[PDB]
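S.K.: these chains are from a complex, not moved at all, and more is on the way:
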Amino acid sequence: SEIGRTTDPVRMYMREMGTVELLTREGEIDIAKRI
């Protein structure tokens, strides 16, 4: 775990941002359908 290792808020943001995977053409459609 990389927790407690850096000070950069850019690295912290990219780190927590990359834990969500991209959607397919079909993933956007049923998320929009859920909305």
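M.R.: It's in. Numbers count the residues shown, from 1 in each chain, chains lettered A, B, ... in the order given.

S.K.: just the strands in chain A please.
M.R.: Assigned by DSSP state E, chain A shows no strands.

S.K.: which residues does stretch A:10-22 contact?
M.R.: Where contact means Cβ atoms under 8 Å, 6 or more residues apart in numbering, the residues beyond stretch A:10-22 that reach it are A:2, A:6. The C-beta positions use only the backbone N, C-alpha and C, and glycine is treated the same way.

S.K.: repeat that for 6 Å
M.R.: Where contact means Cβ atoms under 6 Å, 6 or more residues apart in numbering, no residue beyond stretch A:10-22 reaches it.

S.K.: how far out from the middle of the chain is that stretch?
M.R.: Remark: stretch A:10-22 is offset 5 Å from the chain centroid, using Cα atoms, centre = their mean, to the nearest Å.

S.K.: how about stretch A:3-15?
M.R.: With Cα atoms, centre = their mean, you get 14 Å for stretch A:3-15.

S.K.: and the end-to-end length of that stretch?
M.R.: 10 Å (Cα to Cα, to the nearest Å).

S.K.: again, but for stretch A:2-9
M.R.: End to end - Cα to Cα - stretch A:2-9 spans 13 Å.

S.K.: tally of neighbours for residue A:8?
M.R.: 9 (other Cβ atoms under 10 Å).

S.K.: quickly note the distance from it to residue A:31.
M.R.: Note on residue A:8: its distance to residue A:31, by Cβ to Cβ, to the nearest Å, is 31 Å.

S.K.: helices of chain A, start to end?
M.R.: Using DSSP state H, the helices found in chain A span residues A:9-17, A:25-34.

S.K.: okay, now chain B:
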Amino acid sequence: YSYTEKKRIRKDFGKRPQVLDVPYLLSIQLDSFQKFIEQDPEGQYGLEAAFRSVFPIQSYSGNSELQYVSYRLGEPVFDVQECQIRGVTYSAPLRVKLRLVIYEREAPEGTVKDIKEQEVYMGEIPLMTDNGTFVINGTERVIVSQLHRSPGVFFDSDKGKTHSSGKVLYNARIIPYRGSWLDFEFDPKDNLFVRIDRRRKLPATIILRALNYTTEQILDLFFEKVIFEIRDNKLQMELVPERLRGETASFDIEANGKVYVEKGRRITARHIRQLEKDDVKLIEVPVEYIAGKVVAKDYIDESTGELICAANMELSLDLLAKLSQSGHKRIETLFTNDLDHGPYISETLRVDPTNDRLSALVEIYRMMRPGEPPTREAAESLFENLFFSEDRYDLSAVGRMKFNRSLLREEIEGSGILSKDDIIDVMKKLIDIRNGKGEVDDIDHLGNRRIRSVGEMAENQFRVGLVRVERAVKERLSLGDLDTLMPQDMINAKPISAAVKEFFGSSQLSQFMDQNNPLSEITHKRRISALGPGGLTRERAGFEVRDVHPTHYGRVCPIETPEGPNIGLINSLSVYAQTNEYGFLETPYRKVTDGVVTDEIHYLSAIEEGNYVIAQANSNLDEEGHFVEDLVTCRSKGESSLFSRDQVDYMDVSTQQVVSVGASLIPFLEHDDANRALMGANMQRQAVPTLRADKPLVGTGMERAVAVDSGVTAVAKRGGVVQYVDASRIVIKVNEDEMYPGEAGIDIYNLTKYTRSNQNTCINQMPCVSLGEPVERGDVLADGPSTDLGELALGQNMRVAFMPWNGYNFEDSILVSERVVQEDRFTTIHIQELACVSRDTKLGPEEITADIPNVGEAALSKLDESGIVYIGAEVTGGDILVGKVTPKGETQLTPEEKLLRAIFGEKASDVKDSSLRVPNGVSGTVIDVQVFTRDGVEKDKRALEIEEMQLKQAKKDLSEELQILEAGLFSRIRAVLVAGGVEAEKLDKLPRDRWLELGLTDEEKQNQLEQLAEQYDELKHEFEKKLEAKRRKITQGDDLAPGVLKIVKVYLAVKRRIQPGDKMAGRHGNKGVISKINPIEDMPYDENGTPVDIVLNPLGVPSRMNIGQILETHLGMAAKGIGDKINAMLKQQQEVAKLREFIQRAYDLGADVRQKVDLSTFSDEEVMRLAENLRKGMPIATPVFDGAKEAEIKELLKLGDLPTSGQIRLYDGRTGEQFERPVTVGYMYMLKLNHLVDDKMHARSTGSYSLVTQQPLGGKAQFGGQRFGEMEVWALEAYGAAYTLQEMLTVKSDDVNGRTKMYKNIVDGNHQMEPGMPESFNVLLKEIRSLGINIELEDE
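M.R.: Adding chain B to the chains above:
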């Protein structure tokens, strides 16, 4: 000899013959920049290398590519003088042919759809002038060369400065030209640690596992295997004898015979040698011997398959017993001992946590990018882009050379990137040095330090700009606009212009040119700096980088360095030192083949120089070349010793090889202490050029070289006859021998007249030649500032007496005669530039006008109708130079002054006087006025008359040069017409121009006549368009700053006479300040009534052991004593026979001197011209370390009928009685330094204050206050001066209400203060409260 040097021949006292001429002194700058801008057909140097480094640019696609074809430097818009006048950079447009090549989508070849090839403009490159300077924003600048650490691998240590035990810890450092640093090092427990970019250290085997090496492959790289080939029993073991060198005897060795050495006896060389006499291969070892050894391989069983014992595990009885059930024939084992083969790599494999390549890449990632979760692809690409990518890492050609040379490789060429082999070899060599098989590098060695000059630093910054544009070009090519765009739509010239503009104007090595005198300029251009981008910082530069290293000999001067915080960080190139093709300083040496010293000269670098034994240049050698001695003093290895004459390989080429150009000009430098010689070399280049230049009577012979190799003189390009000489131009009719065919054969030299240097001194050229005088090529035609007949003349020859005079030369003071001031000997012209800038303001435009409010008609007396001062106006401090008014409004009258204007009805001014005035204390003459007007602003009568004068002057100069050149062409035509088919009286019958209509019988004659006619027509139509170019550049508008409507620059010429407080100095570090200017009848005087010019203190001589100022005095009295004799023969009007005889006696004097002046070769007119130039003293050359000996000085004193003691009887001017002892009187060369007391004296009662804190401002330019700093406050606290201190703190500086009350109290005669709180304490309180902190005054 010459025509310029037999005018006045300097008498040379040097005795060693000159084998190598002193080179062109500015070759560093000129060669470096020529390598930058020239068209290199290969891609090695300069702009070509930079373009090929980035091009071809290919997008993240296969569709298109931008490739580079060619480049070209266009003509500069303005030449260098126009650039200096207009305040713009002298630069050339860079036009680069690019080719946008478009590949189509789908082919196995990817062939071209089309190519759009055209020329893009990327930036202007600042051009170097003829003398090694750059004009950048109007001012001349010098790009100082940089002494930086060479790229390569360097092995170093700390010597017991860690771990409190005195243990030396070694390290290796790979430094690329561009890229990341790679450090290996040893910890106090002998583990190897890698460290990338000075970050946290990982174990060095992690970088070995990032490379695909297993622990087995690592162990076979860094070790050699003890084999135990164990038979059925008895533990048979392989052995080579030198593996038991110093071995502890764990067992007695019996093989091929019985025991050699029993227990309790360690193995010495006789045992190894008798054991190899027995040729022993196989030895029976005990079981406890292998317990503790380290296995070198992964031994697994074939019964079960899994690991019995891994690599790098300490073997024991248990594990050997385990493998014995598996029946292994051979078991390998690492050979380690103490002090010859260390365990460090295995002991490092034990400490690292990593077990494979992925874990190593991940640990490197966690070290380089902490807090970022490593994926396999990013962990792989980080390492591969650290050192193994051509675009991110460059161990350059010099770095590859030094890398291979440091690792004892044969080839010096390679890749710019690291490899597995490079890193392994560095680790192996660090391990060698740890094991005593090497030595650490000396990083201050000049084989390890490299010169980086303007043409390389400029190329690096251009490549920086090129990659800044390469990212945008790669980004633009990824877009689908790809079929309609040209390459000049995707090229942005502004980043590339910005990179080179930032380098040339804003670098630390781009320095305002030191332009005091010629010596200042060439010393600045030959300067090396350890500082700068990529170099050292002067604050963290230690004692050892600021040292004189033995390799500095002949390459860097040990004397010329500044005396302040950066000493040994700013160095000066030696006289003969030049730079390698790799950038390393080399120095020339004469080859000594058979004991005969040859005239063959080899330039040796500091690495090569240490291999050979190199004799000194003070070593005597006979006519055939052999040393007259047989035990010579030499430098062999950085040491110096005596050697036999058959051991020497090289010899120094000169005695001045070791010193810089500045220290080469100090006569009797060998008699000066080195501190005072340092000071003298530094002060020679602060000297100010005086009204009349005065050659040194005692020089060294480097004066002509310094004056000519700087561009301050006008030097004859081709030889000829002076056709027209004039204070502003020289016109030479070139000899027919030096003329090209189809040419006028006329050289015109336009002299620089009264322009200001960077230091506000005067630059003025005066012609040396007279009318009709023959000149040769390379002759000095005009003298620059501080040159006298082509010799560098920095000061004046002053008659000094060394004696204490009534305390007026106490403690380095100087007593000057009043005759020195009457004769204007140290009067200097200083030229100030003063600008009045009229801008647009929000209330309206400022107006240059003679109609100024609150200013009488007397103060507008020397302003013309445009409000600008007349040229030639003698002005003084406070005089208005340019009248200007600023529009204001909302005067907000106080009720009292409102009543005041109600009573007397006087209107208030809507404008305020914003005029340009002469600074106070400055009194000069207006010599020049320039008006720069914006486009759209209407030129006043003054700008129009200045421009009319400029247009008439441009037309006049061009028609004058055309008259001269066509006169030359027609002289050549008349000469070629009487050369064959003579028309000698017919030519003067024909009209002048239609000699071009004469068809001549062509053997070769009509060919020459017709190319002369063609040259004449081309000269006429060249004048015709240079006129219109001049006219368009004159009448055009000026590119002023935004907001500026016009600028008026006034130029004041101020003659500064010498006065008490002016710093005067000699060349021997004898500085001083004039204390008194003494009347002539008060000065000491000799038997003949001749007073002394300057009285110097004799007590400054023996403690500051600059004895060369005494010898220079004794020789200067001798030199003058020759002139005093020649002068007499010229006033008695003696025959030329007697003058010729005496001058021949004076030139023949000396002990085996190298020069021979035979005056029998001289005509009587030439002898009389020489004698007229020698009547003010015969000049004398005293080469450094090869100079005049004291016996020769006494012999020349004897020839001039002077006491050989150098000391005469002086009388007191005030009482007429003798000083009780003889006084050393002679002639010393004094210099007036640029520390004039007019520039230093400043006072202030009140003035302007800073914004935030309300304390007085800084300098005398700002009319500022003196810093009453912390130590002065302590000084006042150490007295009981509490009230003095309280008024320093409150009422003189920051108490805003109290200081106006104090002023009013002083004006009312009441010397009392009402002190309040300093305003900076209120600023402090408000700034601590802007933190989260409640700071408060407890007002109880």
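
S.K.: try the neighbour count of residue A:8 again now we have chain B.
M.R.: By other Cβ atoms under 10 Å in any protein chain shown, 13 other residues sit near residue A:8.

S.K.: and if you look at residue B:658?
M.R.: Number of residues near residue B:658 (other Cβ under 10 Å) recorded here: 26.

S.K.: what separates it from chain A, distance-wise?
M.R.: Per Cβ to the nearest Cβ, to the nearest Å, residue B:658 is found 53 Å from chain A.

S.K.: over to residue B:942?
M.R.: For residue B:942, the distance to chain A equals 60 Å [Cβ to the nearest Cβ].

S.K.: quick one, what contacts the nearest residue to that residue once chain neighbours are set aside?
M.R.: Setting aside the residues directly before and after it, residue B:942 is nearest to residue B:866 in space (Cβ to Cβ, 6 or more residues apart in numbering or on different chains), at 3.8 Å. Residues in contact with residue B:866 (Cβ atoms under 6 Å, 6 or more residues apart in numbering or on different chains) are B:940, B:941, B:942.

S.K.: if we go to 7 Å?
M.R.: Residues near residue B:866 by Cβ atoms under 7 Å, 6 or more residues apart in numbering or on different chains: B:848, B:850, B:940, B:941, B:942.

S.K.: that one and chain A, how far apart?
M.R.: Using Cβ to the nearest Cβ, we find residue B:866 at a distance of 60 Å from chain A.

S.K.: residue B:848 and residue B:863 touch, don't they?
M.R.: No: when contacts are counted by Cβ atoms under 7 Å, residue B:848 is not listed as touching residue B:863 (10.1 Å).

S.K.: show me the common contact partners of these two, please.
M.R.: Residues within reach of residue B:848 and of residue B:863 at once, by Cβ under 7 Å, 6+ apart, are residue B:883.
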